[PDB]
Structure formats: structure tokens, C-alpha cells
>>> print(open('run_33.cif').read())   # mmCIF, C-alpha atoms
data_run
#
loop_
_atom_site.label_atom_id
_atom_site.label_comp_id
_atom_site.auth_asym_id
_atom_site.auth_seq_id
_atom_site.Cartn_x
_atom_site.Cartn_y
_atom_site.Cartn_z
CA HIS A 1 -140.56 -5.65 103.48
CA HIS A 2 -137.94 -4.79 106.11
CA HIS A 3 -138.90 -5.32 109.81
CA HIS A 4 -137.93 -3.63 113.17
CA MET A 5 -135.27 -6.32 113.36
CA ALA A 6 -134.22 -6.75 109.73
CA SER A 7 -131.41 -4.62 108.30
CA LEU A 8 -132.44 -4.90 104.68
CA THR A 9 -133.55 -1.55 103.31
CA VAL A 10 -135.68 -0.99 100.26
CA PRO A 11 -136.52 2.22 98.41
CA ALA A 12 -139.45 4.23 99.70
CA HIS A 13 -140.63 4.19 96.04
CA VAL A 14 -139.63 0.79 94.60
CA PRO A 15 -139.17 0.31 90.84
CA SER A 16 -141.50 -2.09 89.14
CA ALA A 17 -140.42 -5.62 88.32
CA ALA A 18 -139.93 -4.76 84.64
CA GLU A 19 -138.04 -1.65 85.81
CA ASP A 20 -135.43 -3.56 87.83
CA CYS A 21 -135.02 -6.00 84.93
CA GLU A 22 -134.33 -3.55 82.14
CA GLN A 23 -131.75 -1.90 84.42
CA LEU A 24 -130.29 -5.16 85.75
CA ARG A 25 -130.27 -6.61 82.21
CA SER A 26 -128.44 -3.49 81.15
CA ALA A 27 -125.78 -4.30 83.67
CA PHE A 28 -124.59 -7.16 81.53
CA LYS A 29 -124.27 -5.29 78.19
CA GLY A 30 -120.65 -5.56 76.94
CA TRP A 31 -118.60 -4.31 79.95
CA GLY A 32 -120.12 -6.67 82.56
CA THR A 33 -118.60 -4.65 85.38
CA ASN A 34 -121.64 -2.82 86.70
CA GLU A 35 -121.54 -4.29 90.17
CA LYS A 36 -122.79 -1.14 91.86
CA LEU A 37 -126.02 -1.30 89.91
CA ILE A 38 -126.57 -4.97 90.66
CA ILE A 39 -125.64 -4.45 94.31
CA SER A 40 -127.94 -1.44 94.43
CA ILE A 41 -130.89 -3.36 93.13
CA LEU A 42 -130.65 -6.86 94.41
CA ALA A 43 -129.50 -5.84 97.86
CA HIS A 44 -132.39 -3.43 98.28
CA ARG A 45 -135.20 -5.75 97.49
CA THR A 46 -137.42 -8.01 99.66
CA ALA A 47 -137.83 -11.69 98.87
CA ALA A 48 -141.17 -11.39 97.10
CA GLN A 49 -139.72 -8.56 95.09
CA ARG A 50 -136.73 -10.57 94.03
CA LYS A 51 -139.07 -13.43 93.01
CA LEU A 52 -141.19 -11.32 90.70
CA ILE A 53 -137.98 -9.84 89.33
CA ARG A 54 -136.65 -13.34 88.60
CA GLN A 55 -139.90 -14.25 86.99
CA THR A 56 -140.22 -11.15 84.83
CA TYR A 57 -136.57 -11.44 83.81
CA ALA A 58 -137.25 -14.95 82.47
CA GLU A 59 -140.46 -14.13 80.67
CA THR A 60 -139.17 -11.05 78.81
CA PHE A 61 -135.66 -12.26 78.00
CA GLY A 62 -136.34 -15.98 77.92
CA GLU A 63 -133.17 -16.35 80.03
CA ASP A 64 -132.63 -17.20 83.76
CA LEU A 65 -131.39 -14.31 85.92
CA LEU A 66 -129.45 -16.43 88.37
CA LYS A 67 -127.65 -18.36 85.63
CA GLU A 68 -126.98 -14.89 84.34
CA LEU A 69 -125.36 -13.88 87.60
CA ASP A 70 -123.76 -17.09 88.73
CA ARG A 71 -121.06 -16.82 86.11
CA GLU A 72 -118.08 -17.06 88.54
CA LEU A 73 -119.21 -18.55 91.90
CA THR A 74 -115.61 -19.16 93.08
CA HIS A 75 -115.38 -15.46 94.05
CA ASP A 76 -116.78 -14.38 97.37
CA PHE A 77 -118.77 -11.49 95.82
CA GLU A 78 -120.54 -13.57 93.17
CA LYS A 79 -121.26 -16.32 95.68
CA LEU A 80 -122.87 -13.77 97.98
CA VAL A 81 -125.19 -12.25 95.40
CA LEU A 82 -126.43 -15.71 94.57
CA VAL A 83 -127.15 -16.93 98.08
CA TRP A 84 -128.67 -13.60 98.83
CA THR A 85 -130.79 -13.14 95.75
CA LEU A 86 -132.19 -16.57 96.31
CA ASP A 87 -135.48 -16.95 98.10
CA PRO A 88 -134.92 -17.66 101.82
CA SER A 89 -136.25 -21.13 101.06
CA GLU A 90 -133.98 -22.15 98.21
CA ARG A 91 -131.21 -20.46 100.16
CA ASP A 92 -131.69 -22.82 103.05
CA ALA A 93 -132.09 -25.75 100.72
CA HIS A 94 -128.70 -24.88 99.20
CA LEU A 95 -126.98 -24.45 102.62
CA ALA A 96 -128.70 -27.54 103.96
CA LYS A 97 -127.44 -29.63 101.03
CA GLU A 98 -124.01 -28.10 101.03
CA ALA A 99 -123.80 -28.89 104.76
CA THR A 100 -123.99 -32.60 104.17
CA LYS A 101 -121.17 -33.07 101.63
CA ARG A 102 -117.54 -34.17 102.01
CA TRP A 103 -115.87 -30.89 101.17
CA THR A 104 -118.28 -28.58 102.96
CA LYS A 105 -119.42 -30.74 105.81
CA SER A 106 -120.82 -28.86 108.78
CA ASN A 107 -123.27 -30.42 111.22
CA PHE A 108 -123.27 -27.00 112.93
CA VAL A 109 -124.79 -25.47 109.89
CA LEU A 110 -127.51 -28.10 109.75
CA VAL A 111 -128.47 -27.18 113.35
CA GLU A 112 -128.26 -23.53 112.54
CA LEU A 113 -130.72 -24.29 109.74
CA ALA A 114 -133.10 -26.32 111.89
CA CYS A 115 -133.07 -24.22 115.06
CA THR A 116 -132.50 -20.66 114.01
CA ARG A 117 -135.43 -20.37 111.61
CA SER A 118 -139.07 -20.39 112.52
CA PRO A 119 -140.96 -23.69 112.03
CA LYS A 120 -142.83 -22.64 108.92
CA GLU A 121 -139.54 -21.45 107.46
CA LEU A 122 -137.83 -24.79 108.11
CA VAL A 123 -140.74 -26.27 106.30
CA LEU A 124 -140.66 -24.03 103.21
CA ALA A 125 -137.00 -25.00 103.08
CA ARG A 126 -137.85 -28.68 103.30
CA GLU A 127 -140.23 -27.82 100.48
CA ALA A 128 -137.50 -26.17 98.37
CA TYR A 129 -135.36 -29.12 99.08
CA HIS A 130 -137.88 -31.42 97.46
CA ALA A 131 -138.21 -29.34 94.32
CA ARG A 132 -134.56 -28.73 93.86
CA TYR A 133 -133.25 -32.17 94.77
CA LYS A 134 -135.97 -34.77 94.62
CA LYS A 135 -135.05 -35.66 98.21
CA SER A 136 -135.65 -34.76 101.95
CA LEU A 137 -133.41 -32.48 103.98
CA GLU A 138 -133.73 -35.34 106.59
CA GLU A 139 -133.44 -38.09 103.97
CA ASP A 140 -129.98 -36.61 103.18
CA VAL A 141 -129.09 -35.61 106.67
CA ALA A 142 -130.02 -39.09 107.84
CA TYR A 143 -127.85 -40.61 105.12
CA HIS A 144 -124.73 -38.47 105.64
CA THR A 145 -124.59 -38.59 109.43
CA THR A 146 -124.31 -41.42 112.00
CA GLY A 147 -124.64 -42.35 115.67
CA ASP A 148 -125.13 -39.67 118.33
CA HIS A 149 -124.89 -36.98 115.58
CA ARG A 150 -127.55 -38.59 113.42
CA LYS A 151 -129.82 -39.10 116.52
CA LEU A 152 -129.87 -35.42 117.35
CA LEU A 153 -129.79 -34.17 113.73
CA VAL A 154 -132.64 -35.92 111.99
CA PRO A 155 -135.31 -35.06 114.51
CA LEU A 156 -133.87 -31.66 114.57
CA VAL A 157 -134.35 -30.89 110.87
CA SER A 158 -137.58 -32.88 110.56
CA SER A 159 -139.27 -31.36 113.66
CA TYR A 160 -142.07 -28.92 112.87
CA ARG A 161 -142.50 -27.33 116.33
CA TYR A 162 -145.55 -25.41 117.59
CA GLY A 163 -144.69 -21.78 117.13
CA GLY A 164 -147.05 -19.94 119.42
CA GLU A 165 -145.74 -18.41 122.65
CA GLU A 166 -147.88 -20.17 125.28
CA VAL A 167 -145.74 -21.89 127.87
CA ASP A 168 -146.54 -24.65 130.37
CA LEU A 169 -144.57 -23.83 133.51
CA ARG A 170 -145.56 -27.10 135.15
CA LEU A 171 -144.07 -29.11 132.25
CA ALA A 172 -141.19 -26.70 132.04
CA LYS A 173 -140.34 -27.57 135.62
CA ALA A 174 -140.12 -31.30 135.05
CA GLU A 175 -138.42 -31.17 131.73
CA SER A 176 -135.73 -28.93 133.22
CA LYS A 177 -134.87 -31.69 135.66
CA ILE A 178 -134.79 -34.48 133.08
CA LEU A 179 -132.27 -32.41 131.24
CA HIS A 180 -130.25 -31.79 134.35
CA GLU A 181 -129.98 -35.34 135.70
CA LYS A 182 -129.24 -36.52 132.19
CA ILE A 183 -126.53 -33.89 131.65
CA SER A 184 -124.98 -34.75 135.03
CA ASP A 185 -125.04 -38.49 134.20
CA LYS A 186 -122.97 -37.70 131.08
CA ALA A 187 -125.98 -39.15 129.30
CA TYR A 188 -125.61 -36.45 126.73
CA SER A 189 -127.37 -38.13 123.86
CA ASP A 190 -130.03 -39.68 126.07
CA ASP A 191 -133.43 -39.91 124.40
CA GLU A 192 -134.84 -37.42 126.85
CA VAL A 193 -132.13 -34.88 126.08
CA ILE A 194 -132.80 -35.19 122.38
CA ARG A 195 -136.64 -35.37 122.64
CA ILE A 196 -136.80 -32.22 124.72
CA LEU A 197 -134.40 -30.23 122.56
CA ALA A 198 -135.93 -31.25 119.27
CA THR A 199 -139.69 -31.39 119.72
CA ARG A 200 -140.84 -28.67 122.12
CA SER A 201 -141.66 -25.14 120.92
CA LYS A 202 -139.02 -22.41 121.03
CA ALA A 203 -141.14 -20.83 123.68
CA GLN A 204 -141.52 -23.93 125.88
CA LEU A 205 -137.92 -24.55 125.39
CA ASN A 206 -137.17 -21.14 126.91
CA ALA A 207 -139.33 -21.49 130.01
CA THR A 208 -137.54 -24.77 130.43
CA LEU A 209 -134.10 -23.20 130.56
CA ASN A 210 -134.81 -20.28 132.93
CA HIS A 211 -136.40 -22.50 135.49
CA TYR A 212 -133.25 -24.60 134.93
CA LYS A 213 -130.86 -21.69 135.63
CA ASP A 214 -132.57 -20.55 138.89
CA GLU A 215 -132.91 -23.72 140.89
CA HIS A 216 -129.86 -25.59 139.55
CA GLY A 217 -127.96 -22.24 139.47
CA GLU A 218 -125.86 -21.93 136.28
CA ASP A 219 -127.27 -21.66 132.76
CA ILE A 220 -127.60 -25.07 131.06
CA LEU A 221 -124.68 -24.06 128.81
CA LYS A 222 -122.21 -23.90 131.71
CA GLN A 223 -122.47 -27.72 132.10
CA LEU A 224 -122.13 -28.55 128.35
CA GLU A 225 -118.84 -26.68 127.85
CA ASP A 226 -116.19 -28.87 126.25
CA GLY A 227 -117.02 -32.39 125.22
CA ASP A 228 -116.79 -33.89 121.78
CA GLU A 229 -118.73 -32.87 118.75
CA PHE A 230 -122.11 -34.07 120.00
CA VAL A 231 -121.80 -31.94 123.07
CA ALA A 232 -120.78 -29.03 120.94
CA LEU A 233 -123.73 -29.74 118.72
CA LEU A 234 -125.95 -29.66 121.81
CA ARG A 235 -124.36 -26.42 122.79
CA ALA A 236 -125.25 -25.03 119.30
CA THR A 237 -128.78 -26.32 119.36
CA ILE A 238 -129.57 -24.65 122.71
CA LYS A 239 -128.22 -21.31 121.53
CA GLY A 240 -129.84 -21.44 118.11
CA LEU A 241 -133.31 -22.21 119.56
CA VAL A 242 -133.15 -20.03 122.62
CA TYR A 243 -130.32 -17.43 122.18
CA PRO A 244 -130.17 -16.89 118.40
CA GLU A 245 -128.46 -13.54 118.72
CA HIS A 246 -125.49 -14.48 120.83
CA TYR A 247 -125.13 -17.47 118.48
CA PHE A 248 -124.84 -15.37 115.34
CA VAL A 249 -122.65 -12.87 117.05
CA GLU A 250 -120.25 -15.59 118.23
CA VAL A 251 -120.32 -16.71 114.61
CA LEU A 252 -119.52 -13.23 113.27
CA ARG A 253 -116.76 -13.17 115.83
CA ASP A 254 -115.08 -16.40 114.81
CA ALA A 255 -115.40 -15.33 111.15
CA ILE A 256 -114.07 -11.75 111.33
CA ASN A 257 -110.40 -11.10 112.20
CA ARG A 258 -107.79 -8.63 111.20
CA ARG A 259 -105.95 -11.30 109.15
CA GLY A 260 -107.81 -14.53 108.20
CA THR A 261 -111.51 -13.81 107.58
CA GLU A 262 -113.92 -16.66 106.87
CA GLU A 263 -115.92 -14.92 104.08
CA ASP A 264 -117.95 -18.06 103.68
CA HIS A 265 -119.44 -17.84 107.14
CA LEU A 266 -119.74 -14.01 107.07
CA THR A 267 -121.67 -14.23 103.78
CA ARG A 268 -123.83 -16.91 105.37
CA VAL A 269 -124.80 -14.92 108.45
CA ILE A 270 -125.23 -11.52 106.64
CA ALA A 271 -127.26 -13.00 103.81
CA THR A 272 -129.51 -15.31 105.81
CA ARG A 273 -130.31 -12.80 108.53
CA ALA A 274 -130.34 -9.52 106.73
CA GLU A 275 -134.08 -9.88 106.12
CA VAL A 276 -134.75 -11.35 109.53
CA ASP A 277 -132.74 -10.00 112.45
CA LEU A 278 -129.29 -8.86 111.41
CA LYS A 279 -130.00 -5.28 112.55
CA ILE A 280 -130.20 -6.60 116.13
CA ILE A 281 -127.30 -8.99 115.70
CA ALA A 282 -125.31 -5.99 114.54
CA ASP A 283 -125.99 -4.30 117.91
CA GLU A 284 -125.07 -7.25 120.06
CA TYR A 285 -121.80 -7.15 118.13
CA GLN A 286 -121.22 -3.46 118.84
CA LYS A 287 -121.83 -3.89 122.56
CA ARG A 288 -118.96 -6.34 122.77
CA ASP A 289 -116.33 -3.80 121.59
CA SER A 290 -118.15 -0.65 120.49
CA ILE A 291 -116.80 -1.59 117.00
CA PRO A 292 -119.67 -1.62 114.49
CA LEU A 293 -119.98 -4.89 112.57
CA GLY A 294 -119.86 -2.45 109.63
CA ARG A 295 -116.39 -1.22 110.55
CA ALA A 296 -114.84 -4.65 111.22
CA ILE A 297 -116.45 -5.78 107.98
CA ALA A 298 -115.04 -2.84 106.04
CA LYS A 299 -111.66 -3.48 107.65
CA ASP A 300 -111.29 -7.08 106.66
CA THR A 301 -112.91 -7.23 103.23
CA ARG A 302 -113.06 -5.13 100.09
CA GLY A 303 -114.14 -4.90 96.47
CA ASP A 304 -117.76 -5.54 95.54
CA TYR A 305 -117.95 -8.38 98.01
CA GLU A 306 -117.44 -5.78 100.79
CA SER A 307 -119.97 -3.34 99.30
CA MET A 308 -122.66 -5.95 98.89
CA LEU A 309 -122.18 -6.92 102.56
CA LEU A 310 -122.54 -3.38 103.92
CA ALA A 311 -125.53 -2.80 101.66
CA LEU A 312 -127.23 -5.87 103.04
CA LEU A 313 -126.19 -4.94 106.57
CA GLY A 314 -128.54 -1.97 106.36
CA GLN A 315 -125.75 0.55 106.39
CA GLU A 316 -124.50 1.41 102.82
#
>>> encode(input="run_33.cif", output="C-alpha cells")
Amino acid sequence: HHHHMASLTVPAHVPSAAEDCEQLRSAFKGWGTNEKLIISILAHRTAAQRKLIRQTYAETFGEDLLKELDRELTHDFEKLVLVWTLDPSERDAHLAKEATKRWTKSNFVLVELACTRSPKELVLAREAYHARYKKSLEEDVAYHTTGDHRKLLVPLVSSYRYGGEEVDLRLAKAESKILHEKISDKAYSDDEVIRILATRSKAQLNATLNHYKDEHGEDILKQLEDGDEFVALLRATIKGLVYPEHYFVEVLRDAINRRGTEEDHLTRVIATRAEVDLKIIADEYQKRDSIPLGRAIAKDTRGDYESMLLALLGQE
């Protein structure tokens, strides 16, 4: 299904599972270059639809669809179809694990993964991460990170926050000060800074920051500007949990350019948000320059990679 926020679009009359398979299967017969058909099917299907596809494709052809379409993962296009076709859970598991290795190390991505998903989601990902790797997302994150970084990161990915909306203004008042005094003391990684940012609900966390911005004046982000990595990680955490849209848009920004485009990050945002809130992220982008994400995307990418992107972006 595609929500008020999602960009993903599916047919009004969707083909059956067996239907998508015969056609998708028939996109591999001898000339292998039927991207358009693959892009037109996979990119216009919901997650539960792609799962049943994947299951019916295995049971009627005895072969694994993904293995069938992960032939050349070095190419942006083929790497996008994978990530995307994947269930949002395995997809996070993959990103989560990639995020903790030498050659693709990003603590920013871990945070993105822990803060910009709902709690249940972070848990179905922790669940995919068991299946796929026989290990914890926090077991690994704990292992591959250290000091301040590890202190903020483990609790972040292992926290399974209340997800209702009820706030507690009284608590929000106090917690906003703990944060403040601690920020001002340069006690950036102080237990109270970490505890508040990693355990409280998204909701509570938001009452906490408004009340912060009035009294104290500036938004909490204005006092966590530069710093080292940990401060930057804090800066990412706050945005992911409370301002997920500006976060993704700043990410699309730093990934799209006339010249050197970071297809890895663009594929990451587009794929992981298309079925969640990319349609709104797209807007926030527009606002900035009145340049549709779609344009900028079509201006600094091409081939099937480009198509696939626009098709996921809810535009073409």
C-alpha cells in the first residue's frame, strides 16, 4: 500500500503474484536487457507484494529471485533494485551491517537506522539481522565502535521506545534543562544527554525540544554546531528522531550535485523512504529551490539507475 506520505505508486489493478513472476521471469530470457519491465514491476509494488512475489518465484522456478537479479551489484542500478526489492527489514539489516565495516563505515547511517524508523520497524530489522547474520545489530555495533561513539550508538540501536503520542510536559520541562546544562558544560556525552536522547519516545523527545527552544531561546541544534564526530552524531540523532524530513533533505542535498553525485546515498534515501515518507521529503526539497527532486535527479543521473529512481520517487 502507498500512504499520504509515501511516494511509491502501485497499479489500481495489481497483477497476481504468479502474474508478476511469469513476466519478471520472462525478463531474463536470452537478452537480459528488459530493465523497463523489471523497473515497472518491482518499483510499483508494496513490500507484502514483493514478498509473495519472491516466494512464488522460488516455488514455481525453484530459483531465488534476488540471486537472479543481483548478478552485477557493482552498478548503481542493480544495487538499487536489490536494496529496494528487499523487505524494509532485510533492507535495514543490510544497511545496518554494511554501516559497521571498514570500507563502508558510517556511524551516521547507524543513527539514521535507529532514529528515523519507528520502534517496531527498528525491531523487525533487529529481527532480520538475527536471521541473516546470526548476530545482533547492537552486538555488531557494540563490537565495531568505541568510547563516546559506542556509548551513544548501542543504546540507540537497541532502544525500543514507546511509540504513542502522549507527552508529559512536566517531565519535558526538566529533561530540557538537563540537556541544556549538560550541553553548556561541554558534557556532550554525559549519561543524561545519552539517556534522554536514546530512551524517551519520539513524541516526548519533541515536547522536550520545543520547551527547550522557548525558554533557552535557540533550537537545541544551534548549540551543537561544530564539534567532533560525537557532536555531529548528536546533531544527527536529534534531527533523525525529531526532524526526519530536514534530515533526509539535507542528505539529498549533500548527495546531489551537478558534478559529483553520491549515488550510494541517493539510492539509500529514495529506496528506504519511498514507501514511508519520500513524497513529503520531495516537497521539502522543492521549497528550498523550487527545483523538483525529480529534476535534479534526472539531471545528475541516467540509464536504468535514473529511471528506477524516478519510478520509486512517485513520479515516473
>>> resolve_selection(input="run_33.cif", expression="the PyMOL selection byres ((chain A and resi 278-281) around 12)", output="PyMOL selection string")
chain A and resi 2-9+243-253+266+268-277+282-288+292-294+309-310+312-315
>>> resolve_selection(input="run_33.cif", expression="the PyMOL selection byres ((chain A and resi 301) around 12)", output="ChimeraX atom specification")
/A:76-77,255-264,266-267,293-300,302-310
>>> closest_residue(input="run_33.cif", among="A:116, A:49, A:290, A:184", to="residue 86 of chain A", atoms="all atoms listed in the file")
A:49
>>> atom_distance(input="run_33.cif", atom1="atom CA of residue 61 of chain A", atom2="atom CA of residue 35 of chain A")
20.3 Å
>>> atom_distance(input="run_33.cif", atom1="atom CA of residue 291 of chain A", atom2="atom CA of residue 265 of chain A")
19.2 Å
>>> residues_near_point(input="run_33.cif", point="(-123.9, -32.0, 131.4)", cutoff="9 Å", atoms="all atoms listed in the file", output="count of residues only")
17
>>> resolve_selection(input="run_33.cif", expression="the PyMOL selection byres ((chain A and resi 46) around 10)", output="PyMOL selection string")
chain A and resi 1-2+8-10+42-45+47-51+85+87+275
>>> atom_distance(input="run_33.cif", atom1="atom CA of residue 66 of chain A", atom2="atom CA of residue 82 of chain A")
6.9 Å
>>> closest_residue(input="run_33.cif", among="A:226, A:166, A:64, A:140", to="residue 205 of chain A", atoms="all atoms listed in the file")
A:166
>>> residues_near_point(input="run_33.cif", point="(-142.8, -34.4, 109.6)", cutoff="10 Å", atoms="all atoms listed in the file", output="compact mmCIF listing (two decimals) with C-alpha atoms, keeping the file's coordinate frame")
# COMPACT_ATOMS: atom_id res chain seq x y z
CA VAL A 123 -140.74 -26.27 106.30
CA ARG A 126 -137.85 -28.68 103.30
CA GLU A 138 -133.73 -35.34 106.59
CA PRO A 155 -135.31 -35.06 114.51
CA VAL A 157 -134.35 -30.89 110.87
CA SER A 158 -137.58 -32.88 110.56
CA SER A 159 -139.27 -31.36 113.66
CA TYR A 160 -142.07 -28.92 112.87
CA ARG A 161 -142.50 -27.33 116.33
>>> closest_residue(input="run_33.cif", among="A:171, A:232, A:128, A:39", to="residue 200 of chain A", atoms="all atoms listed in the file")
A:171
>>> residues_around(input="run_33.cif", residues="segment 103-109 of chain A", least_positions_apart="6", cutoff="12 Å", atoms="only C-alpha atoms", output="MDAnalysis selection string")
chainID A and resid 92:97 115:117 141:142 144:146 148:150 152:154 156:157 229:240 247:248 251 264:265 268:269 272
>>> closest_residue(input="run_33.cif", among="A:218, A:78, A:165, A:254", to="residue 206 of chain A", atoms="only C-alpha atoms")
A:165
>>> closest_residue(input="run_33.cif", among="A:195, A:13, A:71, A:102", to="residue 151 of chain A", atoms="all atoms listed in the file")
A:195
>>> closest_residue(input="run_33.cif", among="A:81, A:209, A:228, A:34", to="residue 172 of chain A", atoms="all atoms listed in the file")
A:209
>>> decode(input="run_33.cif", residues="segment 14-36 of chain A", atoms="N, CA and C atoms", output="JSON list (two decimals), in the first residue's frame")
[["chain", "number", "residue", "atom", "x", "y", "z"],
["A", 14, "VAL", "N", -3.67, -4.51, -9.41],
["A", 14, "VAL", "CA", -2.38, -5.18, -9.41],
["A", 14, "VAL", "C", -2.40, -6.65, -9.84],
["A", 15, "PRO", "N", -1.42, -7.03, -10.67],
["A", 15, "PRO", "CA", -1.27, -8.38, -11.19],
["A", 15, "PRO", "C", -1.14, -9.32, -10.04],
["A", 16, "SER", "N", -1.41, -10.59, -10.27],
["A", 16, "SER", "CA", -1.28, -11.54, -9.18],
["A", 16, "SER", "C", 0.21, -11.84, -9.02],
["A", 17, "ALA", "N", 0.53, -12.54, -7.94],
["A", 17, "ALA", "CA", 1.90, -12.92, -7.68],
["A", 17, "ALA", "C", 2.44, -13.73, -8.85],
["A", 18, "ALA", "N", 1.72, -14.78, -9.25],
["A", 18, "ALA", "CA", 2.16, -15.61, -10.38],
["A", 18, "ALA", "C", 2.31, -14.75, -11.65],
["A", 19, "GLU", "N", 1.45, -13.74, -11.77],
["A", 19, "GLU", "CA", 1.46, -12.85, -12.93],
["A", 19, "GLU", "C", 2.75, -12.07, -13.05],
["A", 20, "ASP", "N", 3.17, -11.44, -11.96],
["A", 20, "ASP", "CA", 4.41, -10.67, -11.93],
["A", 20, "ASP", "C", 5.61, -11.58, -12.22],
["A", 21, "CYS", "N", 5.56, -12.80, -11.69],
["A", 21, "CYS", "CA", 6.64, -13.76, -11.89],
["A", 21, "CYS", "C", 6.82, -14.17, -13.35],
["A", 22, "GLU", "N", 5.76, -14.67, -13.98],
["A", 22, "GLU", "CA", 5.92, -15.10, -15.35],
["A", 22, "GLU", "C", 6.57, -13.92, -16.10],
["A", 23, "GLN", "N", 6.00, -12.73, -15.96],
["A", 23, "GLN", "CA", 6.53, -11.57, -16.69],
["A", 23, "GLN", "C", 7.96, -11.21, -16.29],
["A", 24, "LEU", "N", 8.25, -11.24, -15.00],
["A", 24, "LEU", "CA", 9.57, -10.87, -14.49],
["A", 24, "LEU", "C", 10.60, -11.93, -14.94],
["A", 25, "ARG", "N", 10.17, -13.19, -14.87],
["A", 25, "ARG", "CA", 10.95, -14.35, -15.27],
["A", 25, "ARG", "C", 11.32, -14.13, -16.71],
["A", 26, "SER", "N", 10.30, -13.78, -17.49],
["A", 26, "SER", "CA", 10.45, -13.53, -18.91],
["A", 26, "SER", "C", 11.22, -12.27, -19.18],
["A", 27, "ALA", "N", 11.91, -11.75, -18.18],
["A", 27, "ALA", "CA", 12.68, -10.55, -18.45],
["A", 27, "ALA", "C", 14.12, -10.98, -18.38],
["A", 28, "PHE", "N", 14.32, -12.28, -18.22],
["A", 28, "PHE", "CA", 15.67, -12.81, -18.14],
["A", 28, "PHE", "C", 15.98, -13.68, -19.38],
["A", 29, "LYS", "N", 14.94, -14.14, -20.07],
["A", 29, "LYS", "CA", 15.12, -14.95, -21.28],
["A", 29, "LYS", "C", 16.08, -14.32, -22.30],
["A", 30, "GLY", "N", 17.16, -15.05, -22.60],
["A", 30, "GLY", "CA", 18.18, -14.64, -23.57],
["A", 30, "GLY", "C", 18.78, -13.25, -23.81],
["A", 31, "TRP", "N", 18.00, -12.17, -23.72],
["A", 31, "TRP", "CA", 18.56, -10.83, -24.00],
["A", 31, "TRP", "C", 18.76, -9.99, -22.72],
["A", 32, "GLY", "N", 18.43, -10.58, -21.57],
["A", 32, "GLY", "CA", 18.62, -9.96, -20.27],
["A", 32, "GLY", "C", 18.42, -8.47, -20.06],
["A", 33, "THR", "N", 18.30, -7.73, -21.15],
["A", 33, "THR", "CA", 18.13, -6.29, -21.04],
["A", 33, "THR", "C", 16.67, -5.81, -21.11],
["A", 34, "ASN", "N", 15.86, -6.28, -20.17],
["A", 34, "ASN", "CA", 14.49, -5.80, -20.10],
["A", 34, "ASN", "C", 14.42, -5.18, -18.70],
["A", 35, "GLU", "N", 15.02, -4.00, -18.61],
["A", 35, "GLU", "CA", 15.10, -3.26, -17.38],
["A", 35, "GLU", "C", 13.73, -2.67, -17.13],
["A", 36, "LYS", "N", 13.22, -1.98, -18.14],
["A", 36, "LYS", "CA", 11.93, -1.32, -18.09],
["A", 36, "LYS", "C", 10.82, -2.14, -17.50]]
